[PDB]
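Worksheet: the structure to be examined is printed underneath.
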Number of protein chains: 2
Amino acid sequence: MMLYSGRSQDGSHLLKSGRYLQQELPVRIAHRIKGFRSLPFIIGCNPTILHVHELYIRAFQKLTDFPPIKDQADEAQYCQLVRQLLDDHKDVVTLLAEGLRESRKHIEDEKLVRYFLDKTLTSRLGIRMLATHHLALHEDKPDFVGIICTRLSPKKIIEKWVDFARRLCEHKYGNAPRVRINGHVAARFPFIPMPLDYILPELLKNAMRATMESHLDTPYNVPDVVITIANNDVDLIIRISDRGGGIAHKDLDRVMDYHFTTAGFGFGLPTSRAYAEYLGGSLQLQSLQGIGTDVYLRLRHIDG
Amino acid sequence: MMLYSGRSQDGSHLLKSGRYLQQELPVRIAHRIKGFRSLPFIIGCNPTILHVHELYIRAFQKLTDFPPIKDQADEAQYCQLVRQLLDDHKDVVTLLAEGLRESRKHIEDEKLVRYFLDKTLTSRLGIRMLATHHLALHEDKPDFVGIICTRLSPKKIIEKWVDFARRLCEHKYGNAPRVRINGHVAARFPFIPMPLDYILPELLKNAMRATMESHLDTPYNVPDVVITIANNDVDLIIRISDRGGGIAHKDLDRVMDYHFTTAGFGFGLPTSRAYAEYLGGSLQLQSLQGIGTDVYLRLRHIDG
Ligand SMILES: Nc1ncnc2c1ncn2[C@@H]1O[C@H](COP(=O)(O)OP(=O)(O)O)[C@@H](O)[C@H]1O
Ligand SMILES: Nc1ncnc2c1ncn2[C@@H]1O[C@H](COP(=O)(O)OP(=O)(O)O)[C@@H](O)[C@H]1O
Ligand SMILES: CC(C)CC(=O)C(=O)O
Ligand SMILES: CC(C)CC(=O)C(=O)O
Ligand SMILES: [K+]
Ligand SMILES: [K+]
Ligand SMILES: [Mg+2]
Ligand SMILES: [Mg+2]
């Protein structure tokens with residue numbers, strides 16, 4: 001999958017981009033439909049799963065019904081369709097979580113659901129990146145070409161999600177750990193924010209929850225979460241280290257399972273890992289039981 | 001393999017211990033000999049490998065020639081033999097490193113040498129622990145039963161090796177990183193020091209070297225190495241985190257190979273990992289290229 005960095009004045013690059021998207025979306029949607037068609041019958045019969053299955057069929061129908069893009073007029077209407085579909089599918093992760101929660105227990109092969117979700121969610125991420133990139137090409141935001149930030153600061157985007165997670169945490173516990181950021185705090189490079197926008201708040205919420213729940217006696221005084229940025233020519237590494245007591249030995253093999261939670265659907269970790277690996281990186285956990293957890297997010301730098 | 005914690009007044013436990021050792025050593029030595037007999041011919045013909053092979057045969061001969069232990073008089077002489085053998089074999093790791101260094105290049109299957117060394121070095125560690133434990137049973141050291149410390153402080157033993165590594169480092173570079181220790185600094189529990197005595201200085205030397213070599217402009221002012229102790233009911237975790245620049249992507253798949261070094265034989269990491277895993281734990285590396293490395297040593301608590 002490619003994100004067109006091309007720019008032009010007649011607006012021809014918008015046409016080429018739209019034509020590529022028009023070519024690409026139906027194919028990738030068809031792959032998701034095949035995934036639904038191959039789900040174990042008893043899972044596929046779940047009304048929420050069926051609802052999502054039908055959304056995808058409906059998406060494929062609308063996309064294939066759209067005439068080949070001939071001019072900017074057509075391209076403009078196609079963008080309307082894509083916006084509609086993006087919105088129609090915005091709750092898909094949540095619907096799948098819900099539909100699978102109970103139903104998947106009716107199945108011996110637990111590998112199956114994991115594979116279906118990894119494949120379905122990462123293909124969806126890719127689909128949404130492509131579509132959103134095309135739409136964003138019409139925008140005149142500085143330092144962006146579509147959804148590509150030409151000079152992303154890891155520190156800045158981390159801070160954005162830190163403020164977000166801290167507010168959620170303060171609402172629930174009356175306080176939140178402070179976050180310190182160190183390492184390559186001045187790094188700036190071309191990068192696509194979207195996956196960080198998913199992953200970072202998931203990891204931050206986990207770290208803050210763990211910290212508060214292990215400090216119930218001193219909610220007014222909890223250990224900082226410490227984030228380290230390492231930027232090299234190959235990848236970006238973001239280490240998130242907390243003193244929230246660690247992931248217990250008895251839970252460790254379970255925490256990367258969809259649905260597993262000690263508490264919201266238990267999707268944060270497996271989804272984040274699937275996204276990271278889909279993009280050529282990884283997500284690794286180091287548990288110091290009794291002390292805390294280090295989470296390492298790695299993402300490959302831009303292929304230009 | 002079992003370390004007899006039994007104690008008695010007639011000195012009968014020394015007899016039982018000796019009889020067990022007399023039973024156990026020849027068998028385990030015979031296994032090492034089989035390992036030499038199965039080495040690729042061209043490696044087995046290396047004169048240094050042949051020398052080590054012959055040492056093991058000679059060990060097996062002496063052990064099997066020793067009459068069955070009947071009384072404390074016999075047990076005492078057996079201890080003399082064991083002391084001799086421990087001393088005769090003290091340079092074995094170094095001889096194997098040397099004999100294998102070139103010779104192993106004459107071999108397609110690089111898996112072979114790794115397996116031979118993992119197996120040979122860990123079996124040897126076990127053999128030396130057992131023998132040294134028996135000898136130590138004659139000692140009256142407080143807080144020890146043989147080589148088992150009844151109340152080991154991880155902080156204390158870490159500090160011992162910190163002082164050791166720092167002196168080596170200062171000798172070579174004119175300075176050494178300071179080391180801070182945090183987490184469960186007051187932990188005390190029954191534990192066998194011997195494996196830590198191998199592993200800790202290896203990891204500390206790596207961390208200090210990396211730190212000095214990445215700070216050649218400011219040898220008088222280098223970042224601390226930070227060690228975190230986590231003690232729980234399952235394992236002991238010792239995390240050693242440095243700011244020495246990390247292990248490069250191009251080296252990462254090689255650093256756990258025997259002989260691989262960027263500089264002394266390149267044995268520190270693979271040996272430490274083999275020892276940790278032999279004892280039911282592990283050794284894991286997290287590289288933040290451009291920033292530093294976290295090394296996680298885990299060792300299972302005592303099985304009583
Ligand atoms: N930093 C952490 N410290 C301690 N436990 C954690 C941490 N991160 C995740 N976990 C554990 O992993 C489980 C799975 O996390 P996740 O997939 O994000 O789902 P959720 O947060 O919805 O439970 C959590 O319920 C929690 O028990
Ligand atoms: N903490 C560290 N930081 C950077 N590089 C490291 C670190 N630890 C190990 N290495 C790399 O791994 C290689 C292998 O280490 P090791 O097996 O201990 O052998 P040696 O120290 O003899 O080279 C080292 O040469 C070094 O390049
Ligand atoms: C292009 C849309 C159908 C978006 C999509 O695939 C999804 O979010 O599920
Ligand atoms: C008992 C000894 C022979 C010691 C040993 O096996 C060794 O160190 O190689
Ligand atoms: K989970
Ligand atoms: K090595
Ligand atoms: Mg979560
Ligand atoms: Mg070393």
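No hydrogens, no waters, no symmetry mates; every other heavy atom, side chains included, goes into these values. A note on names: the letters A, B, ... follow the listed sequences, proteins ahead of strands, and every chain is numbered from 1.
A donor-acceptor pair is defined here as one N or O able to donate and one able to accept, closer than 3.5 Å; such a pair exists between the side chain of B/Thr261 and the backbone of B/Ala263. Using a distance-only test at 3.5 Å, with no hydrogens or angles considered, a donor-acceptor pair links the side chain of A/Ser287 to the main chain of A/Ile247. Side chain of B/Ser38 to backbone of B/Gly35: no donor-acceptor contact under 3.5 angstrom is found. Under the 3.5 Å distance criterion, the side-chain polar atoms of B/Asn46 are matched with a main-chain donor or acceptor of B/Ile49. Between the side chain of A/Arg298 and the main chain of A/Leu236, no donor-acceptor pair closer than 3.5 Å is present. Side-chain N or O atoms of B/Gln289 include none that pairs as donor or acceptor with a backbone N or O of A/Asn231 at under 3.5 Å. Of the possible donor and acceptor atoms, none in the side chain of B/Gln286 sits under 3.5 Å from a partner among the backbone N and O of B/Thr293. Judged by distance alone, the side chain of B/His171 and the main-chain N or O of B/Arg167 form no donor-acceptor pair under 3.5 Å. A donor-acceptor pair is defined here as one N or O able to donate and one able to accept, closer than 3.5 Å; such a pair exists between the side chain of B/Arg300 and the backbone of B/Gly280. Of the possible donor and acceptor atoms, none in the side chain of B/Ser17 sits under 3.5 Å from a partner among the backbone N and O of B/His13.
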**Report entry** Criterion side chain to side chain contact (heavy atoms under 4.5 Å, CB included) on B/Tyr296 and A/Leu288, from CA distance to verdict
**Finding:** CA-CA 9 Å; B/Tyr296 297 77; A/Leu288 291 75; 3.7 Å; yes
Query raised in the report: Can you check side chain to side chain contact (heavy atoms under 4.5 Å, CB included) on B/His134 and B/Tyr20, steps first, answer last?
Result: CA-CA 10 Å; B/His134 177 81; B/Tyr20 172 66; over 6 Å; no
Report task. Dump the intermediate steps for ring-ring contact (aromatic ring centres under 6.0 Å, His included) on B/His89 and B/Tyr56, then the final yes or no. Result -> CA-CA 9 Å; B/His89 285 240; B/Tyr56 276 91; 4.8 Å; yes
Query - side chain to side chain contact (heavy atoms under 4.5 Å, CB included) between B/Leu204 and B/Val162, intermediate numbers included - result: CA-CA 7 Å; B/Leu204 292 169; B/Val162 160; 3.9 Å; yes
**Report entry** Criterion side chain to side chain contact (heavy atoms under 4.5 Å, CB included) on B/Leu81 and B/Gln77, from CA distance to verdict
**Finding:** CA-CA 7 Å; B/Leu81 167 58; B/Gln77 297 300 147; over 6 Å; no
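Across all non-hydrogen atoms, the minimal contact from B/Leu283 to B/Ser272 is CD2-CB, 3.7 Å. Of all heavy-atom pairs between B/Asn175 and B/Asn221, the closest is ND2-N, 4.3 Å. Heavy-atom minimum distance, B/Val222 versus B/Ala176: CG2-C, 4.3 Å. Looking at every heavy atom in both residues, A/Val255 comes nearest to A/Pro270 through O-CD, 4.1 Å. A/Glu202 and A/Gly268 make their closest contact through OE1-CA, 3.5 Å (heavy atoms, listed as atom of the first residue, atom of the second, distance). Contact detail for B/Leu135 and B/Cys79: the closest heavy-atom pair is CD2-CB, 3.7 Å.
Counting only N and O atoms by type, the side chains of B/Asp294 and B/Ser241 include a donor and acceptor under 3.5 Å apart. Side-chain N/O atoms of B/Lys16 and B/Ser12 include no donor and acceptor closer than 3.5 Å. Judged by distance alone, the side chains of A/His249 and B/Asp235 do bring a donor and an acceptor atom under 3.5 Å apart. B/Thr228 and B/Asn182 share a donor-acceptor pair across their side chains, judged by distance under 3.5 Å alone. Checking B/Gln80 against B/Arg83 by side-chain atom types alone, a donor-acceptor pair falls below 3.5 Å. Inspection of the B/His138 and B/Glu75 side chains reveals an N or O donor paired with an N or O acceptor under 3.5 Å.
A 4.5 Å side-chain heavy-atom check between A/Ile237 and A/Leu297 finds every atom pair outside the cut-off. Between B/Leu269 and B/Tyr258 there is no side-chain heavy-atom pair separated by less than 4.5 Å. The shortest distance between side-chain heavy atoms of B/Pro40 and B/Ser103 does not fall below 4.5 Å. Between A/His184 and A/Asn232, the closest side-chain pair of non-hydrogen atoms is not below 4.5 Å. Considering only heavy atoms from C-beta on, B/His106 stays 4.5 Å or farther from B/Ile43 through its side chain. You'll find the side chain of B/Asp88 reaches within 4.5 Å of the side chain of B/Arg58, heavy atoms only. A heavy-atom distance below 4.5 Å is not found between the side chains of B/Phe189 and B/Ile302. Using a 4.5 Å cut-off on side-chain heavy atoms (C-beta onward), B/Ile33 and B/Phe36 make no contact.
Under a 4.0 Å N-O distance rule, the pair B/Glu159/B/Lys155 qualifies as a salt bridge. In summary, B/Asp118 and B/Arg273 do not engage in a salt bridge, as defined by a charged side-chain N under 4.0 Å from a carboxylate O. We find that B/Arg243 and B/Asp224 are not joined by a salt bridge, their nearest charged nitrogen and carboxylate oxygen being 4.0 Å or further apart. The existence of a salt bridge linking B/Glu102 and B/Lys105 is confirmed by a sub-4.0 Å separation between a basic side-chain nitrogen and an acidic carboxylate oxygen. Remark: B/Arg254 does not engage B/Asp251 in a salt bridge, criterion side-chain N to carboxylate O under 4.0 Å. Ion pairing of B/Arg28 with B/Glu24 is present here, as a side-chain N (NZ or NE/NH1/NH2) and a carboxylate O approach within less than 4.0 Å.
Note that the OH atom of B/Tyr198 and the CG atom of B/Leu121 stand 10.0 Å from one another [nearest 0.5 Å]. Atom CG in B/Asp74 sits 12.0 Å away from atom CZ in B/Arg19 (nearest 0.5 Å). Note that the CD1 atom of B/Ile192 and the CE atom of B/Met194 stand 8.0 Å from one another [nearest 0.5 Å]. Annotation: the span from B/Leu21 atom CG to B/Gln23 atom CD amounts to 9.5 Å, rounded to 0.5 Å. To the nearest 0.5 angstrom, A/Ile227 atom CD1 is 4.5 Å from A/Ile240 atom CD1. For the atom pair CG of B/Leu196 and CH2 of B/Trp161, the computed distance is 10.5 Å after rounding to the nearest 0.5 Å.
A distance of 6.0 Å or more separates the ring centres of B/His259 and B/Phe265. Between B/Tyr4 and B/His133, a ring centre-to-centre spacing not shorter than 6.0 Å is recorded.
No more than 12 heavy atoms of other residues, nucleotides or ligands sit less than 6.0 Å from atom CG of B/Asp253. Counting non-hydrogen atoms of other residues, nucleotides and ligands closer than 6.0 Å to CG of B/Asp65 gives a total above 12. The environment of CG in B/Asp87 is crowded: more than 12 heavy-atom neighbours from other residues, nucleotides or ligands sit within 6.0 Å. Counting non-hydrogen atoms of neighbouring residues, nucleotides and ligands closer than 6.0 angstrom, the CG atom of B/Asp303 reaches no more than 12 such neighbours.
When each of B/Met208, B/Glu213, B/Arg209, B/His215 is paired with B/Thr211, the side chain to side chain contact (heavy atoms under 4.5 Å, CB included) condition holds for B/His215 and for no other.
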